[PDB]
Structure formats: C-alpha cells, structure tokens
Amino acid sequence: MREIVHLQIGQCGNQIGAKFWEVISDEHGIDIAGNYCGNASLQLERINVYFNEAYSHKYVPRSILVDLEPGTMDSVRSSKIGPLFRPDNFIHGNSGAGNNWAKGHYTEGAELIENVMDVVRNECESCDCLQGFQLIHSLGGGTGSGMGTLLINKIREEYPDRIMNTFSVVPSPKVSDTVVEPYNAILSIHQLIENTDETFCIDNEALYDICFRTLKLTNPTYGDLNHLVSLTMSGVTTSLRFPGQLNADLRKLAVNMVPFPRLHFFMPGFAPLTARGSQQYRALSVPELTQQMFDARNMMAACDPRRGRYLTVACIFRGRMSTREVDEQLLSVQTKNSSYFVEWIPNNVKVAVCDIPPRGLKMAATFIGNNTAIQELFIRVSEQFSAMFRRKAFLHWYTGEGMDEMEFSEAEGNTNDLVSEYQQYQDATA
Amino acid sequence: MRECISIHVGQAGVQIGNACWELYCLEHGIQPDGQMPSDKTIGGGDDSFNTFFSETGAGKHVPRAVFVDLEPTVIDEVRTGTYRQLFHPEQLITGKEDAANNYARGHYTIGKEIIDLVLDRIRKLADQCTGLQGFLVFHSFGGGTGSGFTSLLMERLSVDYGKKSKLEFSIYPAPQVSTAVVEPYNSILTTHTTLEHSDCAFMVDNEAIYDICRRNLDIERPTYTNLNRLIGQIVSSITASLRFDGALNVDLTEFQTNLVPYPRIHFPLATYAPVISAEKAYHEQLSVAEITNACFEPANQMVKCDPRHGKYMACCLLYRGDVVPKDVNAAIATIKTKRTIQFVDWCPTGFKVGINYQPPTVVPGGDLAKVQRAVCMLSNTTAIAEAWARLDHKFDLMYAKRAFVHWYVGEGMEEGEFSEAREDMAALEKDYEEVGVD
Ligand SMILES: COc1ccc(C[C@@H]2NC(=O)/C=C/C[C@@H]([C@H](C)[C@H]3O[C@@H]3c3ccccc3)OC(=O)[C@H](CC(C)C)OC(=O)C(C)(C)CNC2=O)cc1Cl
Ligand SMILES: Nc1nc2c(ncn2[C@@H]2O[C@H](COP(=O)(O)OP(=O)(O)OP(=O)(O)O)[C@@H](O)[C@H]2O)c(=O)[nH]1
Ligand SMILES: Nc1nc2c(ncn2[C@@H]2O[C@H](COP(=O)(O)OP(=O)(O)O)[C@@H](O)[C@H]2O)c(=O)[nH]1
C-alpha cells in the first residue's frame, strides 16, 4: 500500500493546505475527530495515501505543517482542523524569513531543516511503502520558497528513488505589494526545475483574474483564492485518492504527463469554478463542462493555452456522468481542435471518470495539462526579475546572507533556458 | 527586544539631540529628574519607549544617549540645563582640543585620541541592551568633529557592530548660518567615508529650516534655538513610529526596507505640513487633504530641492494625532490624480500610510504651535542629487586651485583622498541619474 507524505511550508502553504485538508476530509466523509462518517465504501478505499490510520479508526493526516513563525500554527489551531492534524507534526521557528529567500534557504532553513527532516524520517519509517512527497508552498515569500526548495533538496538527497510533487503558488503584483517576490520566485523556479519531478503551477494572478472577472468580487480576499486552490487541489488528487482506470499514482502521473525532465510544470483547471455560497445555481452537464475545462478564462495559471500546444492532458471528470458522452465530447474536442495538441505524442489526452463529486457540486471537471503556454508565466516572472535585477534593487539583503550574485544570474539563465526549451517544443512539428 | 543607542557627535548633533530628548520626554510624559507619573506604575521595561529610555532600579528613565564632542562647551551646557541629572556623566564625553572645522583633525589626529573612550562608552551602553538594533548618529556635514569623528565612529561601529544597522540624522550645511568656509570639503569627505557605513541617512539642511522658520514662524533672525526646536520636532515625529505602537517603521530594519533600495541610495527626504507660529494658533484648523498637499509641497521639505523634477521610490506617510483613516485615502487619491508625483518603473507600492493616535506635543515657550493633526512624509526620491550636485560644485570650485587643502594634508590625510571622495560623489551622482533615467 502506497502513501504520500504531505508538507506545507509558509503562510500560503499552511492556509491552502488547511483548506485543502478540510475539502479532502469532507470528500472522504471524515469529521474533525478523525472518525469515518460517510455512506460510501469507495471513500474508505485508498485512504492510506493521505490519511494515517491510527488505532481505533483514527484518521489523522500525514501533514507536516512547517513555518518560521508560530502565528500560522496558532491560526491553524484556531480553526476546526487544528485538532485534526498531528500536534507533533507542527514545526515553527522563532522569526520569519521576511520575504528573503536567502534567509529561508541558507540560515533559518538550514537551522530548521534538521528538525523537519527528523519529522520526515519519523513519518517515513512507519511506511509499509512510500509513494512520494506532496508539497504546498508559495514561491513569493521567504520561508515558503526558500525552505521549500531546501526541503526539496534534502528529500532528494535522502530519498532519491521517490517522486517529488509540488503545488507551487507563483506570486503576482496584483495580490502582494512586496517587491522582491520575483527574486524568491525565480530562485525557487531554478531549484524546482532541477530538483522536482512534478509541479502544479498555481498562479495568484490567474486566481485574482478569475475572482475579479468570473466571480464578480471587487476586493478578492485570500479566502476566495484559497477556496479556488482548495477546489482545484481536491480535484487534481482525485486520481490518487480513488481507484480508477487512469489511476495515475504519482509515479504513473509523472510517467504519463512529463515527456521531458525540465518540462514538468502543469496547468491545473476546474470547470465549474464558483465562489462560496453561490455554487447551487450552476447548471451542470457534460459538453459545457468540457468547453469550460479548456477555457483560458477558467484555467488556473495566467496563460493562454490557445497560444501553445498541450503536450499531455489528464482530464478527470467528477460526478455522476455517462462515460460514453464524456469520451465522445473529449474526442470531439481533440479532433475539432487538433491544432492545439502535439502530433508527435499520440493519444496524449487521458480521460477518467470518478463517481464521487466534490461537495456542493453535482458534477465537476478537473483538468491537468502539461501545456506549452506556461512559458508565458515564466516569461512574466523572469521579466519582473530582470526589471528588478538590471539595476540591483535589494540585492544587499540577499548577498548579505552569503548568497553570491552569480546565483541570481544562474537562476535567470536556467528559467530563460526553460522558456527556450518550451518554445523549441512548441515550434517543432513531426 | 528592540533597543537603540542615540549618538550625538559635534555641536550640532549635541544641541539637536538635547532638543530631541527634551521633546521625547515631553511626548512620553517623563519628568526631568527621570521618574514617570503614569507608566512607572508598572515599573518594568519593554513598553516601546524602552528602545530609548532605559529604566534603572530607582525608576529613573535614563536615556540611551551618548553625547560626544571635542569641545566641552555644549556638553557643559547640557550638564547645566534642565536635564542635568537625566543624563549620566559617564556617557557625556567632552574633549580638550577642538577639530577646528577640519575633517582630517577630527578623523586622523584629534578624533583618534578619543575614539577608544567613545567606543568603550558605546560598548558599556550596549551591554545593558539585550535586543539592540543599532544607532542613530546625530551629526553635521560641515564641522570638524561632526564629520571626521562621525566617519571614524562609523568605521569603528561597522567593524565592531557589523550585524547592526546605523541611521544618521546629518545636518547639511547652509550659507545663511555657516561657521566655516570648508564645509563642502568636510561634507564631501564624510559622505564618501560614511557611504559604506550608513544604512539610512536623513540629511536636513539649515537653509530649508531657515526658510521655513522665516516664512512660517515670522522670525527674520532665526537663531539656533528656533532651528533646534524645529529640527527636534522633525526628528521626534520621524522617530514617533519607532517609540510607539506598531503600524509601520517599527524597526531600523523596517526603515532600511521601506525606503532604501540600494546600499548607496539611502537619503530620504522628510516633509512636515503643520509648521505654524504660536501666535496663529486659533486662527483656523487644518484638514487631512491640505496637510497631505503641504507634505507634497516642495517648499515645505527638510531639504531645499525640487522633487517634481525627479522620480520617487517610496513614501511613508506618518500621521500624528486624531486622524481618521477614511479621508487619508481620499487625500491619497487626490495626490495620485496629480501626475507630478511619478514613481519608478518597478512595482512601486505607494504611500504607506501609518497613523499614530498620540497627539503631537510642542515645547512650551517654543515658537511652534500646538496642533491636533500632524503628518511626516518620508520619501526616497532622486531630488537629493541636486543637493549633492551643489556640494560637489562648491567642492570643485574650491578644489580647482586646491584652496585650503594644506589644512587637511597637514593633519595626516593624503592628497588623493580629495580626488577619491570627488570620484565617489560623482559615482553617487551617476547612480542617482541612472535611477532617474528609465
Ligand atoms: C522603489 O523601491 C521600493 C519600492 C517599494 C517599497 C515598498 C516596500 N517594499 C519593500 O520593503 C521590499 C522589501 C524587500 C524585503 C527584503 C528583501 C527582506 O530581506 C529583508 C529582511 C528584513 C527583515 C528581516 C529579514 C530580512 O523586505 C521585506 O520583505 C520587508 C521585511 C519586513 C517583514 C521587516 O517587508 C516589507 O516589504 C513590508 C514592510 C511588509 C512592506 N514593504 C514595502 O511595501 C520600497 C522601496 Cl525602497
Ligand atoms: N540646526 C542646527 N545646526 C547647527 C547647530 N549648531 C551647529 N550647527 C551647524 O553645524 C555646522 C558646523 O558644525 P559645528 O557647529 O562647528 O560643530 P562641529 O561638527 O563639532 O565642528 P567643531 O566644533 O569645529 O568641532 C554649521 O554649518 C551649522 O549649520 C544647531 O544648534 N542647530
Ligand atoms: N493564493 C494565496 N497566496 C498567498 C496567500 N497568503 C500568502 N500568499 C502569497 O504567498 C507569499 C507569502 O509567503 P509566506 O509564506 O508568508 O513567506 P514569509 O513572508 O517569509 O512568511 C506572498 O507572496 C503572497 O502573495 C493565500 O492565502 N493565498
């Protein structure tokens, strides 16, 4: 029996992970006391990937909540999910990294990485078999980005035969006013290129765009964005949590979706995306869900998939739907829009149907795609990095922690090489 | 957990710091002997004025101050004044021979014979503090002590306290009240020496304070007392974010991050709106929008330069008194509709408003009027390059024929140090122009 070790680093990672574990426990029929209360036996099957079954039917998550400040742990414990998590798995330092990637990757991350590796080894030693690691963090902040990439490197050192999956939240200027978030984002992107096998590029710009235009919110808070990411992250791991045809159990998902070792950045999406308290007025059927699944306005990374080619797609449908109509609509989408898919990867759109929908929606359509359009996101973050780096703003806070100035140029060159590789595999034709 | 050691080098620094500590005791309600009516009921520290006022066992609020001069005149003046028992006699350092308006005397010959005593007093004051952030060095660009000994002290505090950040409150020289002719020489030399050793320097010229006093307080002969009271008001509401509750700029690191992008571009400009005379106290009131406009008025700054010809980088609007935060955003929007304020081409954030509800207190018997709404605008701009260009123009005028250079080479300095400081200030002018060109 395989099992994923979940890690949450930073404020954004902790908040999104708390909302994510709430939605997952609601989908699996688990209350906050760790007792099963659902009416279906399908929810109890393949529960060992995420929930650690303790004695007397106690389902605690295998979440390792990491920060450099205890305020996020106090905020998690202030919610209902505080007693749900393992209290020994909470790790926090004394002071935060303060939006410094060097201070979260070289000093405070170095002093906390031994304790978090001790907790990782404590979770790993009780495994009958380890599947891989799932990390939720943010590329913008200091502790999230820096200690996330340091923990990624340490996990790759200790367990090099295990897959590494990240849910990396790319920062935006439309949601945060901190200026050095391109520095932390580009240095973490340079680490995630070389040290990670699977990355779900969630963009706060795309979440702000969805909450601004689609959800009609004048002032989108962090709650609406975290609700969107919790919905999409519950939909993405519905292949891992439930048995199915396209099981895609982490290594199988990486084998299907990743053709090239650096082009492992996915573009998650969720077709009936609605704000909280308003999802009961959405008409749900198959072809509208498929036509909203591939919409650029609906996709949760700030990219235009019409401007790129889908290298590999993993469309998973959720709810009570006929698989004949779902497969007919997706073959119609693939054939009628054959210019948007690569011709050198035959049958790159994989369809699965899970009969358990997310709560609040009768039918759902959650999409994973290794689209080539994510080079627009990397171009945007690299151009903000170049605008903040060509005249060396705030480099003294990074070079004062022992970071060389060659590391910024190496990160810029690696992300530009990744953009060049994406453009090369877009322009090539079989 | 946060402690600051104010250092007052030179006559200007000592007098400005004495006025500043008078206004700090006035704002915090501290009695001149050291006791406190209200906040000594607890009897403990860390009440956010423990950054500056250390509390002894007797309840005396002795300040974390070091007063340095090479002349015992103003030190005896503060040893004779109304706060003679507030300051410890060990921390008030006098000298025998002055620096005589010479940088090389205060940096190489006269200041080198007293630097270890001042370092010993600094370490003795730092050993009491368990959470020390850094220092606030009060000095002047023009004088001998306030330039040379400040540069020597900045070198010593960088080689000894390298994990700490050092603020500065320098006095830029004015021709209206000038004690010397070689003030451009000392100013350029101490700016070259304290460029790698200062983290955020708030230079204020006496020309702007002179013009503000003459055009607002109606004094056509402003003495050093009126200038001292006004600059004490300016620096007191600069530091009012630091000695009070936490909204913004609560630390020296917050000062270095909110305003200072480069290690060399670290010269913000303060601006104060309600500078009104004590006679015109009940004539009218002042709204938030007009005091924000006067904080964006170029004639109200602490530096005589024009910000509309340069490009901004930051703005930390610091409101004092009973100011409701609703109309501050309307004032921000009316400022933003004026496209004279033009930020840089990066993510510019905006006017970081923080509001302190403690009312501003003026000195009784001073020329400043008691007001209910006060505002400080810390702005980093490229307009300070005009002031440095004026200084380097006077430096080039005096150095074209090598006037007064023998007073500096004769006290241990080299001839090439003048050209090195001129090239460093040319590089600072180039850096300010490169930020100014986009
Ligand atoms: C044109 O230039 C500008 C444009 C906009 C702005 C607005 C200004 N932008 C910045 O300060 C950019 C800072 C770079 C990092 C640097 C890289 C950190 O390693 C430094 C560090 C600091 C403390 C401890 C450890 C490490 O600082 C921060 O993250 C600070 C640290 C806080 C939590 C204390 O936090 C903030 O930023 C605040 C205080 C929450 C908000 N700040 C702003 O809106 C300013 C300028 Cl000068
Ligand atoms: N605002 C203000 N400026 C002052 C005051 N006292 C001196 N200055 C300035 O100090 C500058 C020259 O420095 P000095 O007053 O000579 O003090 P110093 O640095 O110790 O120089 P020496 O006494 O020769 O060692 C002048 O240009 C004045 O503008 C003061 O009380 N208030
Ligand atoms: N989508 C989303 N992004 C967030 C949230 N909270 C913070 N962020 C982003 O994540 C970054 C904060 O990283 P953080 O973990 O706080 O690092 P720290 O500042 O060192 O503690 C910022 O760039 C924000 O843009 C959230 O609730 N939702």
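Cβ: placed from backbone, ideal geometry, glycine included. Neighbour counts: every protein chain shown. Numbers and lists here come from the model and the stated rules, or from a named source; no laboratory read-out is quoted.
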Of residues in region B:196-219 being within 14 Å of chain A (Cβ to nearest Cβ) and touching a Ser or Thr at 6+ places or on another chain (Cβ under 6 Å), the one nearest to ligand 1 (Cβ to nearest atom): B:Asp199
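Can you work out which of the residues in region A:380-408 that are among the polar types (S, T, N, Q) and buried (at least 20 other Cβ atoms within 10 Å of the Cβ) is farthest from the other protein chains (Cβ to nearest Cβ)?
A:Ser382
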Take the residues in region A:99-118 that are within 22 Å of the chain's Cα centre (by Cα) and more than 14 Å from chain B (Cβ to nearest Cβ); name whichever of them is farthest from ligand 2 (Cβ to nearest atom). A:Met117
For region A:149-169, state whether one or more residues are within 16 Å of ligand 1 (Cβ to nearest atom) and in contact (Cβ under 8 Å) with a residue 24 or more places away in the chain. no
So, A:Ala275, is that one of a type outside the set (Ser, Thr, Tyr) and either assigned to a helix (DSSP H, G or I) or touching a strand residue (DSSP E or B) at 6+ places or on another chain (Cβ under 9 Å) (or both) or not? no
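Conditions (1) within 16 Å of ligand 1 (Cβ to nearest atom); (2) in contact with a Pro (Cβ under 9 Å, 6 or more places away or on another chain), marked per residue:
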{"position": "A:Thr178", "(1), (2)": "yes, yes"}
{"position": "A:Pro182", "(1), (2)": "yes, yes"}
{"position": "A:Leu187", "(1), (2)": "yes, no"}
{"position": "A:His190", "(1), (2)": "no, no"}
{"position": "A:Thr199", "(1), (2)": "no, no"}
{"position": "A:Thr238", "(1), (2)": "no, yes"}
{"position": "A:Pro243", "(1), (2)": "no, no"}
{"position": "A:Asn247", "(1), (2)": "no, no"}
{"position": "A:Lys252", "(1), (2)": "no, no"}
Looking only at helices (runs of 4 or more DSSP H) that fall completely inside region B:226-339, which ones have 1 or more residues that are among the polar types (S, T, N, Q) and surrounded by 15 or more Cβ atoms within 10 Å (Cβ to Cβ)? B:252-259, B:288-295
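Condition check ((1) among the hydroxyl-bearing types (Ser, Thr, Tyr); (2) farther than 29 Å from B:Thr194 by Cβ; (3) more than 14 Å from chain A (Cβ to nearest Cβ); (4) within 16 Å of ligand 3 (Cβ to nearest atom)) across all residues:
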position: B:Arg221; (1), (2), (3), (4): no, yes, yes, no
position: B:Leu230; (1), (2), (3), (4): no, no, yes, no
position: B:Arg243; (1), (2), (3), (4): no, no, yes, no
position: B:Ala247; (1), (2), (3), (4): no, yes, yes, no
position: B:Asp251; (1), (2), (3), (4): no, no, no, yes
position: B:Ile265; (1), (2), (3), (4): no, no, no, no
position: B:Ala273; (1), (2), (3), (4): no, yes, yes, no
position: B:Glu279; (1), (2), (3), (4): no, yes, yes, no
position: B:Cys295; (1), (2), (3), (4): no, no, yes, no
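Kindly provide the set of residues from region A:291-326 that are in a loop (DSSP other than H, G, I, E, B) and of a type in the set (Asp, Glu), ordered by number. First the steps, then the outcome.
At the first step, the residues of region A:291-326 found to be in a loop (DSSP other than H, G, I, E, B) are A:294-298, A:300-304, A:308-309, A:320-322.
Hits for region A:291-326 are A:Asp295, A:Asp304.
Is there a residue being within 16 Å of ligand 1 (Cβ to nearest atom), under 24 Å from B:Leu242 (Cα atoms), outside the structural domain of B:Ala421 (by CATH) and within 18 Å of the chain's Cα centre (by Cα) anywhere in region B:169-189?
Narrowing region B:169-189 to residues within 16 Å of ligand 1 (Cβ to nearest atom): none.
Looking for residues that are within 16 Å of ligand 1 (Cβ to nearest atom), under 24 Å from B:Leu242 (Cα atoms), outside the structural domain of B:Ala421 (by CATH) and within 18 Å of the chain's Cα centre (by Cα), one finds none in region B:169-189, hence no.
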Among the residues of region A:99-113, what is the count of those that are within 11 Å of ligand 3 (Cβ to nearest atom) and surrounded by fewer than 19 Cβ atoms within 10 Å (Cβ to Cβ)? 0
Of those in region A:81-98 that are within 13 Å of ligand 3 (Cβ to nearest atom) and away from chain B (no Cβ under 14 Å), the residue farthest from A:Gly29 (Cα to Cα) is A:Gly93
For region B:370-408, what are the residues that are closer than 18 Å to B:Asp205 by Cβ and more than 16 Å from ligand 1 (Cβ to nearest atom)? B:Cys376, B:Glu386, B:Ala387, B:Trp388, B:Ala389, B:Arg390, B:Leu391, B:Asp392, B:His393, B:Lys394, B:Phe395
